[PDB]
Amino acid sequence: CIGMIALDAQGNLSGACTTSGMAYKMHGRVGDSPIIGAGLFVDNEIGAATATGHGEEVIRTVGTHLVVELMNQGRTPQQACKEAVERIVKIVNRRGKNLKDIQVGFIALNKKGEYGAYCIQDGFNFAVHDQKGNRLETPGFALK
């Protein structure tokens, strides 16, 4: 899975998400990457988000739609990704699962070009390229 979101010179957003999925998955298994609202969601009036990790969990919480609605409600891309991750955390707990077994990350961008990210566990980085250049950044994570 590689998810990519961008804001162009016209001030327009778009995104793409593509994967070969979870290695050795059951035949016919589908994760979040092709599901709008789960692996990817773009609203030109608000922002965009894409998710990666254990697809089942992103589908379960309709993750990117959540991240974008949070930005719609006033959160910065960063805060939105964080609050979204925290929802998967509460749910993982409600389902009696162990957070160590799950990995979910979100990266987001709003109409102003501000961006952010957050993930359940350490280890995930994302790349960001703007006029200042291209860089690899590491977001905060919930499982400390």
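One-based numbering along the sequence shown.
With 57-65 and 97-105 compared on mean CA B-factor from the PDB entry, the stretch scoring higher is 97-105. Of the two stretches examined, 8-16 and 130-138, the record assigns the greater average C-alpha temperature factor to 130-138. The entry lists C-alpha B-factors for 48, 117, 26, 89, and the highest of these is at 89. Annotation for 70, 85, 42, 35: 85 ranks highest, by Cα B-factor.
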